[PDB]
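Engineer: Here it is: the structure, laid out below.
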Amino acid sequence: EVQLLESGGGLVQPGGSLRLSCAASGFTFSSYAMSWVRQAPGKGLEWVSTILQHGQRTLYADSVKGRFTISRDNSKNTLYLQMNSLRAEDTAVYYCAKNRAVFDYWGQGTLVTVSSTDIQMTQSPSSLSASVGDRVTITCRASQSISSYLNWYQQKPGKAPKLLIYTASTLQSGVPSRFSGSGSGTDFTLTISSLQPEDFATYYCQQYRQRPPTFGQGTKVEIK
């Protein structure tokens, strides 16, 4: 129902510029905050920027501060991200996500290739091989107490991240009951009771007790 179509990415030389545009539809765009979150090749998710509602107020990550500029056009229901002085480190897949703390809807991601503290989250294991019907357990540990401000996201290969659990344990509307999130403080676990063939994906844990919100490196679930 809710669509977030991204465009504007591609391949650029170091020092160049790009403009990413995420056209949203299916919700009151002017009522929600919007965010850009990037994923480096073979790395975890990283929060880039957010624009809040009717405040014209921007929040940026320290690595992209001064170089990136987020903006929104409420008449077009579009979220723009102007990337300037692009470095080699900026090469990643950029997703536009809804809201500022709990990202319920994500874009499919657009690739940007450039060529010629806060709370840290650790997930366990980094990868695992299980069969259909098994019970899998993923552990998310926070460097400090984050209360119950924990989210679990499911990212299938090459697809957009999907919100599974929010506030440590509350299940997202539309998520099967086989998913269960539990834990508090600094220790959280995501358990899948009976694995399914479509369930093989990478699972990420995010915290929003501290801004900027940080993710884990991810937990890959493969076949045997």
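Engineer: With the cut-off at 18 Å, tell me which of the pairs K76/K162; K76/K98; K159/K224; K156/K220; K162/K220; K159/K220 have Cα atoms farther apart than that.
Structural biologist: Working: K76/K162 25 Å; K76/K98 16 Å; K159/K224 22 Å; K156/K220 10 Å; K162/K220 15 Å; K159/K220 14 Å.
Checking Cα-Cα distances, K76/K162; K159/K224 exceed 18 Å.
Engineer: Here's another thing I want to ask about it. Under a Cβ-only charge scheme (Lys and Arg +1, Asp and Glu -1), can you give me the dipole magnitude of the chain about the Cα centre, in debye to the nearest 20?
Structural biologist: Working: 21 positive and 14 negative charges, 54 e Å.
The calculated dipole for the chain is roughly 260 debye.
Engineer: Is the C-alpha gyration tensor of the range 87-224 telling us rounded, prolate or oblate? Criteria: a/c under 1.5 is rounded; beyond that, a/b larger than b/c is prolate, otherwise oblate.
Structural biologist: Working: a/c = 1.59, a/b = 1.16, b/c = 1.36.
Oblate.
Engineer: Taking 7 Å along the Cα-to-C-beta vector as the label spot, tell me the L111-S173 distance in nanometres, rounded to one decimal.
Structural biologist: 3.5 nm
Engineer: Also: Give me the extension gain from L11 to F27: residue separation times 0.36 nm, minus the current Cα-Cα distance, reported in nm with one decimal.
Structural biologist: On the way: separation 16, 0.36 × 16 = 5.76 nm, distance 3.13 nm.
Result: 2.6 nm gained on full extension.
Engineer: What whole-number distance in Å separates the alpha-carbon centres of the range 131-198 and the range 4-53?
Structural biologist: 24 Å
Engineer: A further question follows. Go ahead and run the numbers for FRET between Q144 and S193, Cβ-Cβ distance against an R0 of 35 Å, rounding to 0.05. Walk me through the numbers on the way to the answer.
Structural biologist: Values: r = 30 Å, r/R0 = 0.86.
It comes to 0.70.
Engineer: Could you tell me the calculated FRET efficiency between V2 and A40, based on Cβ-Cβ distance and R0 = 30 angstrom, to the nearest 0.05? Intermediate values should be presented prior to the final figure.
Structural biologist: Working: r = 26 Å, r/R0 = 0.87.
So the FRET efficiency works out to roughly 0.70.
Engineer: Starting from the coordinates of the alpha-carbon atoms of the range 3-114, obtain the Kirkwood hydrodynamic radius over all distinct pairs and give the value in Å to one decimal. Intermediate results must be reported in sequence, preceding the final value.
Structural biologist: Values: mean 1/r = 0.0726 Å⁻¹.
By the Kirkwood definition, the hydrodynamic radius is 13.8 Å.
Engineer: Let me ask something else. Calculate, in nm to one decimal, what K76 and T58 gain on full extension: separation in residues at 0.36 nm each, minus their alpha carbon distance.
Structural biologist: Details: separation 18, 0.36 × 18 = 6.48 nm, distance 1.88 nm.
Stretched fully, the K76-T58 segment lengthens by 4.6 nm.
Bear in mind these aren't lab numbers, they're just calculated from the coordinates by the rules spelled out. Virtual Cβ from ideal backbone geometry, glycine too; neighbours counted across all protein chains shown.
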